[PDB]
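Here is structure_16.pdb, consisting of PDB, C-alpha atoms (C1' of nucleotides):
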```
MODEL        1
ATOM      1  CA  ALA A   1     -27.869 -18.517  34.873  1.00  0.00           C
ATOM      2  CA  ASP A   2     -24.874 -17.950  37.154  1.00  0.00           C
ATOM      3  CA  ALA A   3     -22.588 -19.806  34.738  1.00  0.00           C
ATOM      4  CA  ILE A   4     -23.955 -17.819  31.787  1.00  0.00           C
ATOM      5  CA  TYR A   5     -23.334 -14.497  33.530  1.00  0.00           C
ATOM      6  CA  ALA A   6     -19.872 -15.596  34.692  1.00  0.00           C
ATOM      7  CA  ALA A   7     -18.924 -16.674  31.164  1.00  0.00           C
ATOM      8  CA  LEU A   8     -20.224 -13.347  29.854  1.00  0.00           C
ATOM      9  CA  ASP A   9     -18.101 -11.431  32.367  1.00  0.00           C
ATOM     10  CA  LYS A  10     -15.079 -13.555  31.433  1.00  0.00           C
ATOM     11  CA  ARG A  11     -15.687 -12.866  27.735  1.00  0.00           C
ATOM     12  CA  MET A  12     -15.829  -9.126  28.403  1.00  0.00           C
ATOM     13  CA  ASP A  13     -12.382  -9.522  30.008  1.00  0.00           C
ATOM     14  CA  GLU A  14     -10.759 -11.042  26.899  1.00  0.00           C
ATOM     15  CA  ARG A  15     -10.147  -7.613  25.337  1.00  0.00           C
ATOM     16  CA  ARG A  16      -6.759  -7.220  27.047  1.00  0.00           C
ATOM     17  CA  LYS A  17      -6.504 -10.321  29.252  1.00  0.00           C
ATOM     18  CA  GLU A  18      -3.648 -12.041  27.425  1.00  0.00           C
ATOM     19  CA  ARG A  19      -1.843  -8.757  26.707  1.00  0.00           C
ATOM     20  CA  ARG A  20      -1.888  -7.595  30.322  1.00  0.00           C
ATOM     21  CA  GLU A  21      -1.110 -11.083  31.636  1.00  0.00           C
ATOM     22  CA  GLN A  22       1.965 -11.411  29.419  1.00  0.00           C
ATOM     23  CA  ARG A  23       2.983  -7.893  30.448  1.00  0.00           C
ATOM     24  CA  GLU A  24       2.664  -8.964  34.091  1.00  0.00           C
ATOM     25  CA  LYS A  25       4.716 -12.084  33.351  1.00  0.00           C
ATOM     26  CA  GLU A  26       7.407  -9.939  31.702  1.00  0.00           C
ATOM     27  CA  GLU A  27       7.248  -7.415  34.570  1.00  0.00           C
ATOM     28  CA  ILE A  28       7.702  -9.684  37.597  1.00  0.00           C
ATOM     29  CA  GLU A  29      10.712 -11.304  35.916  1.00  0.00           C
ATOM     30  CA  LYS A  30      12.222  -7.841  35.442  1.00  0.00           C
ATOM     31  CA  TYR A  31      11.689  -7.259  39.171  1.00  0.00           C
ATOM     32  CA  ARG A  32      12.750 -10.808  40.085  1.00  0.00           C
ATOM     33  CA  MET A  33      16.322 -10.462  38.795  1.00  0.00           C
ATOM     34  CA  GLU A  34      16.995  -7.434  40.995  1.00  0.00           C
ATOM     35  CA  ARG A  35      14.947  -8.836  43.914  1.00  0.00           C
ATOM     36  CA  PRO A  36      15.107 -12.652  43.979  1.00  0.00           C
ATOM     37  CA  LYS A  37      12.678 -14.727  45.996  1.00  0.00           C
ATOM     38  CA  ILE A  38      13.676 -15.332  49.608  1.00  0.00           C
ATOM     39  CA  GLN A  39      13.604 -19.119  49.220  1.00  0.00           C
ATOM     40  CA  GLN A  40      15.885 -18.836  46.181  1.00  0.00           C
ATOM     41  CA  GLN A  41      18.523 -16.978  48.213  1.00  0.00           C
ATOM     42  CA  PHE A  42      18.671 -19.987  50.571  1.00  0.00           C
ATOM     43  CA  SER A  43      18.588 -22.681  47.869  1.00  0.00           C
ATOM     44  CA  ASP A  44      22.328 -23.406  47.963  1.00  0.00           C
ATOM     45  CA  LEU A  45      22.377 -23.465  51.772  1.00  0.00           C
ATOM     46  CA  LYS A  46      19.281 -25.681  51.870  1.00  0.00           C
ATOM     47  CA  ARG A  47      20.916 -28.193  49.517  1.00  0.00           C
ATOM     48  CA  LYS A  48      23.814 -28.638  51.956  1.00  0.00           C
ATOM     49  CA  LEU A  49      21.360 -29.722  54.671  1.00  0.00           C
TER      50      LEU A  49
ATOM     51  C1'   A B   1     -15.377   1.222 -30.489  1.00  0.00           C
ATOM     52  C1'   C B   2     -14.266  -4.293 -29.365  1.00  0.00           C
ATOM     53  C1'   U B   3     -13.491  -8.678 -25.114  1.00  0.00           C
ATOM     54  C1'   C B   4     -12.705 -10.377 -20.192  1.00  0.00           C
ATOM     55  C1'   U B   5     -12.809  -8.533 -15.490  1.00  0.00           C
ATOM     56  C1'   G B   6     -17.759  -9.522 -11.010  1.00  0.00           C
ATOM     57  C1'   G B   7     -19.672  -5.688  -6.567  1.00  0.00           C
ATOM     58  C1'   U B   8     -22.664  -2.914  -2.536  1.00  0.00           C
ATOM     59  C1'   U B   9     -25.398  -3.097   2.091  1.00  0.00           C
ATOM     60  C1'   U B  10     -26.125  -5.400   6.742  1.00  0.00           C
ATOM     61  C1'   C B  11     -25.558  -8.755  11.100  1.00  0.00           C
ATOM     62  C1'   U B  12     -22.032 -11.727  13.869  1.00  0.00           C
ATOM     63  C1'   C B  13     -17.196 -13.928  15.000  1.00  0.00           C
ATOM     64  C1'   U B  14     -11.786 -14.082  15.484  1.00  0.00           C
ATOM     65  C1'   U B  15      -7.491 -11.282  15.818  1.00  0.00           C
ATOM     66  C1'   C B  16      -4.067  -7.038  15.082  1.00  0.00           C
ATOM     67  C1'   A B  17      -3.875  -1.819  16.326  1.00  0.00           C
ATOM     68  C1'   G B  18       1.201   1.843  14.719  1.00  0.00           C
ATOM     69  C1'   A B  19      -2.318   6.361  14.139  1.00  0.00           C
ATOM     70  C1'   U B  20      -5.275  12.820  17.362  1.00  0.00           C
ATOM     71  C1'   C B  21      -7.695   3.968  17.775  1.00  0.00           C
ATOM     72  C1'   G B  22     -11.087   9.124  19.856  1.00  0.00           C
ATOM     73  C1'   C B  23     -10.032  16.640  15.957  1.00  0.00           C
ATOM     74  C1'   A B  24     -13.336  13.660  22.041  1.00  0.00           C
ATOM     75  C1'   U B  25     -12.243  12.572  26.941  1.00  0.00           C
ATOM     76  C1'   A B  26     -13.763   9.265  32.188  1.00  0.00           C
ATOM     77  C1'   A B  27     -12.804   6.375  36.513  1.00  0.00           C
ATOM     78  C1'   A B  28      -9.895   3.061  39.553  1.00  0.00           C
ATOM     79  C1'   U B  29      -5.196   1.132  41.522  1.00  0.00           C
ATOM     80  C1'   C B  30      -0.020   1.565  42.770  1.00  0.00           C
ATOM     81  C1'   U B  31       4.457   4.388  43.698  1.00  0.00           C
ATOM     82  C1'   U B  32       6.574   9.378  44.621  1.00  0.00           C
ATOM     83  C1'   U B  33       5.972  14.820  45.977  1.00  0.00           C
ATOM     84  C1'   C B  34       2.732  17.889  48.304  1.00  0.00           C
ATOM     85  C1'   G B  35      -2.312  20.083  50.448  1.00  0.00           C
ATOM     86  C1'   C B  36      -5.682  18.772  54.574  1.00  0.00           C
ATOM     87  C1'   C B  37      -4.337  16.213  58.525  1.00  0.00           C
ATOM     88  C1'   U B  38      -7.590  12.886  63.384  1.00  0.00           C
ATOM     89  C1'   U B  39      -9.043   7.371  61.816  1.00  0.00           C
ATOM     90  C1'   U B  40     -11.875   4.499  57.566  1.00  0.00           C
ATOM     91  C1'   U B  41     -14.517   5.840  53.187  1.00  0.00           C
ATOM     92  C1'   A B  42     -14.201  10.011  50.405  1.00  0.00           C
ATOM     93  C1'   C B  43     -10.172  13.517  48.915  1.00  0.00           C
ATOM     94  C1'   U B  44      -6.389  18.247  47.670  1.00  0.00           C
ATOM     95  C1'   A B  45      -2.721  18.478  42.623  1.00  0.00           C
ATOM     96  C1'   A B  46       1.312  17.567  40.180  1.00  0.00           C
ATOM     97  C1'   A B  47       4.549  13.655  38.197  1.00  0.00           C
ATOM     98  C1'   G B  48       5.336   8.397  36.913  1.00  0.00           C
ATOM     99  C1'   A B  49       3.529   3.405  35.891  1.00  0.00           C
ATOM    100  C1'   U B  50      -0.807   0.282  35.398  1.00  0.00           C
ATOM    101  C1'   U B  51      -5.996  -1.559  34.911  1.00  0.00           C
ATOM    102  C1'   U B  52     -11.006  -0.989  33.710  1.00  0.00           C
ATOM    103  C1'   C B  53     -14.784   1.510  30.978  1.00  0.00           C
ATOM    104  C1'   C B  54     -17.334   4.503  26.885  1.00  0.00           C
ATOM    105  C1'   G B  55     -16.104   4.196  21.889  1.00  0.00           C
ATOM    106  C1'   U B  56     -12.586   3.461  16.929  1.00  0.00           C
ATOM    107  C1'   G B  57      -9.548   1.514  12.614  1.00  0.00           C
ATOM    108  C1'   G B  58      -7.488  -2.575   9.510  1.00  0.00           C
ATOM    109  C1'   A B  59      -7.471  -7.548   8.196  1.00  0.00           C
ATOM    110  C1'   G B  60      -9.632 -12.485   8.393  1.00  0.00           C
ATOM    111  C1'   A B  61     -13.931 -15.740   8.789  1.00  0.00           C
ATOM    112  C1'   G B  62     -19.152 -16.929   8.678  1.00  0.00           C
ATOM    113  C1'   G B  63     -24.500 -15.562   7.622  1.00  0.00           C
ATOM    114  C1'   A B  64     -28.235 -12.289   5.421  1.00  0.00           C
ATOM    115  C1'   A B  65     -30.138  -8.754   1.991  1.00  0.00           C
ATOM    116  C1'   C B  66     -30.719  -6.251  -4.031  1.00  0.00           C
ATOM    117  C1'   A B  67     -28.602 -10.733  -6.406  1.00  0.00           C
ATOM    118  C1'   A B  68     -28.433  -9.493 -10.066  1.00  0.00           C
ATOM    119  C1'   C B  69     -27.106  -5.000 -11.851  1.00  0.00           C
ATOM    120  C1'   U B  70     -23.327  -2.283 -13.532  1.00  0.00           C
ATOM    121  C1'   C B  71     -18.255  -0.565 -12.746  1.00  0.00           C
ATOM    122  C1'   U B  72     -13.058  -0.041 -13.120  1.00  0.00           C
ATOM    123  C1'   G B  73      -8.730  -1.954 -15.087  1.00  0.00           C
ATOM    124  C1'   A B  74      -6.439  -4.860 -18.711  1.00  0.00           C
ATOM    125  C1'   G B  75      -6.533  -6.690 -23.677  1.00  0.00           C
ATOM    126  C1'   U B  76      -4.384  -3.433 -28.693  1.00  0.00           C
ATOM    127  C1'   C B  77      -8.296   1.287 -27.235  1.00  0.00           C
ATOM    128  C1'   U B  78     -10.327  -2.044 -34.795  1.00  0.00           C
ATOM    129  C1'   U B  79     -13.648   2.755 -39.893  1.00  0.00           C
ATOM    130  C1'   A B  80     -14.547   5.227 -45.705  1.00  0.00           C
ATOM    131  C1'   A B  81     -15.610  11.617 -48.108  1.00  0.00           C
ATOM    132  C1'   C B  82     -12.259  15.856 -50.658  1.00  0.00           C
ATOM    133  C1'   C B  83      -7.313  17.452 -49.742  1.00  0.00           C
ATOM    134  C1'   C B  84      -0.044  16.451 -49.684  1.00  0.00           C
ATOM    135  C1'   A B  85       5.283  16.441 -49.458  1.00  0.00           C
ATOM    136  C1'   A B  86      13.364  18.719 -49.966  1.00  0.00           C
ATOM    137  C1'   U B  87      15.617  16.389 -43.464  1.00  0.00           C
ATOM    138  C1'   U B  88      14.460   9.564 -41.997  1.00  0.00           C
ATOM    139  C1'   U B  89      10.968   5.448 -45.476  1.00  0.00           C
ATOM    140  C1'   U B  90       4.755   4.341 -52.245  1.00  0.00           C
ATOM    141  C1'   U B  91       5.553   9.627 -56.577  1.00  0.00           C
ATOM    142  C1'   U B  92      11.529  11.807 -55.114  1.00  0.00           C
ATOM    143  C1'   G B  93      15.903  14.494 -60.096  1.00  0.00           C
ATOM    144  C1'   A B  94      21.279   9.119 -56.004  1.00  0.00           C
ATOM    145  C1'   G B  95      22.515   7.091 -62.835  1.00  0.00           C
ATOM    146  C1'   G B  96      26.476   4.863 -65.456  1.00  0.00           C
ATOM    147  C1'   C B  97      31.683   4.785 -66.696  1.00  0.00           C
ATOM    148  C1'   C B  98      36.909   4.604 -65.651  1.00  0.00           C
ATOM    149  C1'   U B  99      41.482   4.755 -62.925  1.00  0.00           C
ATOM    150  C1'   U B 100      44.678   2.595 -59.451  1.00  0.00           C
ATOM    151  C1'   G B 101      45.257  -0.010 -54.927  1.00  0.00           C
ATOM    152  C1'   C B 102      43.933  -4.602 -53.169  1.00  0.00           C
ATOM    153  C1'   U B 103      41.359  -9.695 -52.527  1.00  0.00           C
ATOM    154  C1'   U B 104      43.558 -16.933 -53.989  1.00  0.00           C
ATOM    155  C1'   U B 105      39.473 -15.058 -58.000  1.00  0.00           C
ATOM    156  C1'   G B 106      34.890 -12.921 -57.151  1.00  0.00           C
ATOM    157  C1'   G B 107      34.913  -8.148 -54.917  1.00  0.00           C
ATOM    158  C1'   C B 108      36.455  -4.190 -51.929  1.00  0.00           C
ATOM    159  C1'   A B 109      38.968   0.734 -51.203  1.00  0.00           C
ATOM    160  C1'   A B 110      39.877   5.811 -53.040  1.00  0.00           C
ATOM    161  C1'   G B 111      39.881   9.192 -57.140  1.00  0.00           C
ATOM    162  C1'   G B 112      38.320  10.791 -61.918  1.00  0.00           C
ATOM    163  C1'   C B 113      34.359  11.308 -66.049  1.00  0.00           C
ATOM    164  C1'   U B 114      29.058  13.258 -65.937  1.00  0.00           C
ATOM    165  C1'   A B 115      23.934  14.975 -68.627  1.00  0.00           C
TER     166        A B 115
ENDMDL
END
```

Could you quickly redo this structure as structure tokens?
Amino acid sequence: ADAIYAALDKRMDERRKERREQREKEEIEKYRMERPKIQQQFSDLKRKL
RNA sequence: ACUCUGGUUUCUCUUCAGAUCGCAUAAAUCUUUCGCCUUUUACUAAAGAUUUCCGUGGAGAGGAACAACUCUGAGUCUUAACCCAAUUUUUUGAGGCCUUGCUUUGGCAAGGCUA
């Protein structure tokens, strides 16, 4: 019963799941160019260790 | 008046949604400006960006019901009584002859002769 209800809730989420998830993927990358990850900013220095 | 064309309704599913998805209209979250400010949870009201929800359209697919009933479109869209021709063709007076030029000859070109 729990699996049935969980699958039902997941199915009700498929209306815009892929659309909003690809928008999120295309939105963090827009933010990532201006604000890179902290570990990335130290990648060249880390390599020299 | 000929022949082929071949639905409508309903229940699901999968996707795409420009368009007033919707001649209607909610909520949440985030970031800014405020309003309350004393801390949550509620909020104040504008802007901006999201998400969810109540619904919607198109197309595709699969079942069911009325599957048997006809459409539309296309195809050549197919018939005789009595009545008719001076602008294009079954009633239309448009005939012939000759000259000279010219063509390897045939013929052609122009003019003349009519009745």

Practice problem: Mind giving me the straight-line distance from atom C1' of residue B:66 to atom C1' of residue B:10 in Å, one decimal? | Solution: 11.7 Å

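If we count only C-alpha atoms (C1' of nucleotides), these residues of chain A sit within 12 Å of chain B: residues 12, 13, 14, 15, 16, 17, 19, 20, 21, 23, 24 and 27 of chain A.
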
Exercise. Might you spell out which residues the PyMOL selection byres ((chain B and resi 60-64) around 9) would select in the displayed file, as a PyMOL selection string?
Key: chain B and resi 10-15+59+65

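Atom CA of residue A:49 is found 21.1 Å from atom CA of residue A:36.
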
Quiz item: What gap, in Å, lies between atom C1' of residue B:115 and atom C1' of residue B:99?
Solution: 21.1 Å

Around all of stretch 33-36 of chain A's listed atoms, make the axis-aligned box with 6 Å on each side and tell me centre and edge lengths in Å to one decimal, as lines of an AutoDock Vina configuration file.
```
center_x = 16.0
center_y = -10.0
center_z = 41.4
size_x = 14.0
size_y = 17.2
size_z = 17.2
```
